[PDB]
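Because the Cβ atoms are built from the backbone with ideal geometry, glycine has one as well, and the counts that use them run over all protein chains shown. Readers should treat all values here as calculations from the given coordinates under stated rules, not as data from a laboratory.
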Amino acid sequence: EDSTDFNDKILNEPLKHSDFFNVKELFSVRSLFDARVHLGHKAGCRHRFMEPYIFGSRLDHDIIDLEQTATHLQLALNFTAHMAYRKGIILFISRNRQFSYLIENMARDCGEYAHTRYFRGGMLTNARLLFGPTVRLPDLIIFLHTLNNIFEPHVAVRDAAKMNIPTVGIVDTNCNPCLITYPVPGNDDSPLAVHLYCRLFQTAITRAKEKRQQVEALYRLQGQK
Amino acid sequence: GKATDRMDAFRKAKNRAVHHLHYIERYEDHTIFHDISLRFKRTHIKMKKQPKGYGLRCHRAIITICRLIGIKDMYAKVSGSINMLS
Amino acid sequence: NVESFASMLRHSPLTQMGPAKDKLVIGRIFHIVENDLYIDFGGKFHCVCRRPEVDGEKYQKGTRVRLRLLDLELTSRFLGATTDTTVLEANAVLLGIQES
Amino acid sequence: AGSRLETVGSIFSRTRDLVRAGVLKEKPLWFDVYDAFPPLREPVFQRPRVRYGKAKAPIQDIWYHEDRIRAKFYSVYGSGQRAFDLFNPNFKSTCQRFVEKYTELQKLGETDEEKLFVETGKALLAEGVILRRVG
Amino acid sequence: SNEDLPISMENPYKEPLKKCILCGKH
Amino acid sequence: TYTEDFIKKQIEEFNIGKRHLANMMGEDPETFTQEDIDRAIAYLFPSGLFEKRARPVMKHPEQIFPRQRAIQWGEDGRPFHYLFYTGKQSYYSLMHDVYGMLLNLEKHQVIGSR
Ligand code: FES
Ligand SMILES: [Mg+2]
């Protein structure tokens, strides 16, 4: 009798607003341009499924349309926050050794997880054997670099779709977004852009976690009296 | 499923098929929505929609799969290579 | 009256620079491994120039130098490849140290 | 249970159907969030192909009217001693300054490039700019 | 509409084609 | 597998059996070290087997049973470590700490040992 009211006021309520956590104020088209989020790889490296998000090629250097990145990034930040508000397990993945330390720290700060190392076969599809039969897999995976060190898609992108886990990914002009649920077209190479993505996902997650403690405190306080 | 003993191959194939399940849409829960005609590799399958009471008039393997799906009435003709896996 | 993305791209220094071939830029050293000097010059990738022999001591993290860019991204397609092979760095020459 | 058919449909379609069939007793946590705020494109696997014949990519080059001016400035003079500062967003190079004057003089009414180009260099020399021609 | 959009133009920075030492000679 | 509750019951049998063994030999249960236990077990249960790992032994459960990792997730199911899904959270947390100390040095700037 109390679970229905508890569920509706807490879980269903945020799903009724377009922007419950107000993540659109965390960034802007100019904040992305100053971080070189629009700079893509060269034309010869261009992937076919990334053409829709390419504004053009200036001197054989593809330019990512930041107007679409904002709309795509708004949906990823909203989806990321709603899963942290729902007490879901978020996992960060990136095989770029230059940013391995930065990402591992962010996950620790936001009380989340990270996997920046060599991805052993079966971490997801054969998890119960590696970890244990009562293990709980992630509810959301965030790819800061969808490619491995041989310029090919990360194996987790395919393994996540097998286990029905939604993925958020930063796809550059030489990546494959077909199996990525919420892709964000932007530069994934320069350090000035990676620090932004981490700063944005670290903030959206920290907000949702604190936003639920306020909603629960009110419900608990109101419930007693 | 593959193994040296036949009883072990039945388990692997059986327990691994529930993790690769499809969902088949049915018209009124007794047949398909329209006539289908495809070619997987060298094997041609031309299925047809039929009304209630027609029954299953198709390859014996398709009769066994359709009962699992829930299709009571449908016609199918197999041509080319009759390979159970294609 | 919010600025659009087409206006940012038109007036950006990189855009107006044009072909990077033989262009003098100013970089910043952000990582040093042995003699190798990893330099950022406001581009997508960095450039790795070797420590000069004449005066190496002055080249520490934060030092700002002068470069003559040759390419913004080293790419090439070889026999049999379906896409270009990129090294994930730029090609530049370390001229000296910037002094104001 | 579940369905590991990554190529068939998407995680939403594969999960929406199994839940409605009765296989999945409880819908996953992310499901209610995806149905409310879905992405722009359904994440369906599609195999990449090669272009053959006269097919080509719709990507176009990013050219401007002032690129003709820059090409000539760099040819006549070339990049000067001044080094670019790509960090500074509101940075104006010597060539860019030449374009602003060249365009401003175009508003006056001159309709020829040779005279208009020559007059632009003189204005900069009056302002103190150093313009050393390749010759 | 907007005036900052790019234009359909040929490459201005393109360099002339190279020639052999004997180009134009008998 | 051996749980924490099982080990806790083995600690109680060794302590009690350590007081019985001292009552047999006529020693003081208080000042009865592990060296005296090994000497009394070799007199009461004399075995000349060449392998010393096959002889009767009465040691502390913390030296018999192999060390086992603690449970890594709670009731809710969230692991306790941010590098859990690597499978080597202890090895990589060490490599992460060492590589973090090498970055600090750059910023502000054996005979017996094996
Ligand atoms: S290039 Fe050899 S003749 Fe013109
Ligand atoms: Mg990239």
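Considering only A:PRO191, A:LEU130, A:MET106, the residue lying farthest towards the positive end of the dipole of region A:79-212 is A:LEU130, judged by Cα position with unit charges set on Cβ. Measure out, as a whole number of angstrom, how far apart the alpha-carbon centroids of region A:192-225 and region A:1-27 sit. If you average the Cα positions of each part, the centres end up 12 Å apart.
Label separation (F:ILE111 vs A:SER28): 6.8 nm, computed from points 7 Å beyond Cα along the C-beta direction. The A:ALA217 and F:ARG53 beta-carbon pair, evaluated with R₀ = 60 Å, returns a calculated FRET efficiency of approximately 0.50. The angle separating the long axis of helix B:60-69 from the principal Cα axis of greatest extent in chain B is about 90 degrees.
Distances longer than 12 Å among the Cα atoms of region F:30-83: what percent of all pairs is that? Pairs farther apart than 12 Å: 76 percent.
Find how many whole Å separate the alpha carbon centroid of region F:1-69 from the alpha carbon centroid of region B:29-86. That distance is 72 Å.
For peptide C:56-62, what's the mean number of Cβ atoms from other chains within 10 Å of each residue's Cβ? Can you show the working numbers first?
Details: counts 0, 0, 0, 0, 2, 3, 0.
Neighbouring Cβ atoms belonging to other protein chains average 1 per residue here.
With springs only between Cα atoms under 10 Å apart, run a GNM on chain A and tell me which of A:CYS198, A:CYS178, A:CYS110 wobbles the most. Result for chain A, Cα springs under 10 Å: A:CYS178 fluctuates most.
State whether chain C is rounded, prolate or oblate according to the following rule on the C-alpha gyration tensor (a ≥ b ≥ c being the square roots of its eigenvalues): a/c under 1.5 gives rounded; otherwise a/b larger than b/c gives prolate, and the remaining case gives oblate. Taking the square roots of the gyration eigenvalues as a ≥ b ≥ c, chain C is oblate. In this simple spin-label approximation, B:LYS52 and F:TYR43 carry label points 7 Å from Cα along the Cα→Cβ vector, and these lie 9.5 nm apart. Sorting F:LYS9, A:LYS42, C:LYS61 by the number of Cβ atoms found within 10 Å of their own Cβ, with the fewest placed first, yields F:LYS9, C:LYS61, A:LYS42.
Once a ≥ b ≥ c are taken as the square roots of the eigenvalues of the Cα gyration tensor of chain D, is the result rounded (a/c under 1.5), prolate (a/b larger than b/c) or oblate (a/b not larger than b/c)?
Numbers: a/c = 4.29, a/b = 3.22, b/c = 1.33.
Judged from the Cα gyration tensor, chain D comes out prolate (a/c at least 1.5, a/b above b/c).
One quarter of the convex hull surface built on the alpha carbon atoms of chain A amounts to 14.1 nm², the projected area averaged over directions.
Of the residues F:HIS60, D:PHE84, D:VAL44, the one whose Cα sits farthest toward the positive end of the charge dipole of the protein assembly as shown, with +1 on the Cβ of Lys and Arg and -1 on the Cβ of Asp and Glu, is D:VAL44.
Between D:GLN60 and B:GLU25, what FRET efficiency follows from the Cβ-Cβ distance if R0 is 45 Å, with the result rounded to 0.05? Provide the component values of the computation, followed by the final result.
Working: r = 42 Å, r/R0 = 0.94.
That gives a FRET efficiency of 0.60.
Loop-located chymotrypsin sites (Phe, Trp or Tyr not before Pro) across region D:50-113 with a Cβ neighbour count of 12 or fewer within 10 Å are D:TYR52, with loop assigned by DSSP.
As an exercise, use a Förster radius of 41 Å and the Cβ-Cβ distance of D:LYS122 and E:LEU17 to find the FRET efficiency, rounded to the nearest 0.05. Can you show the working numbers first?
Numbers: r = 34 Å, r/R0 = 0.82.
Computed FRET efficiency for D:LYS122 and E:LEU17: 0.75.
For region C:40-58 versus region D:2-52, the inter-centroid distance based on Cα atoms is 48 Å.
Quick check on the exposure proxy: order C:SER7, E:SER1 from fewest to most C-beta atoms within 10 angstrom.
On the way: C:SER7 14, E:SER1 4.
Ordered by Cβ neighbours within 10 Å, fewest first: E:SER1, C:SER7.
Rounded if a/c is under 1.5, else prolate if a/b is larger than b/c, else oblate: which is the protein assembly as shown, with a ≥ b ≥ c the root eigenvalues of its Cα gyration tensor? It is oblate, given that a/c is not under 1.5 and a/b is not larger than b/c. Close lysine pairs were tallied over region A:3-222: pairs 8 or more places apart or on different chains with Cα atoms under 25 Å apart number 14. Normalising the average separation of contacting C-alpha pairs (under 8 angstrom, six or more residues apart) by the number of residues puts the relative contact order of chain A at 26 percent. Annotation: for a label point projected 7 angstrom from Cα along Cα→Cβ of B:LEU38, residues of region B:1-32 with backbone N closer than 15 Å are B:21-26, B:32.
A crude spin-label estimate for the pair D:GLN106 and D:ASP35, with each label 7 Å from Cα along the Cβ direction, gives 5.7 nm.
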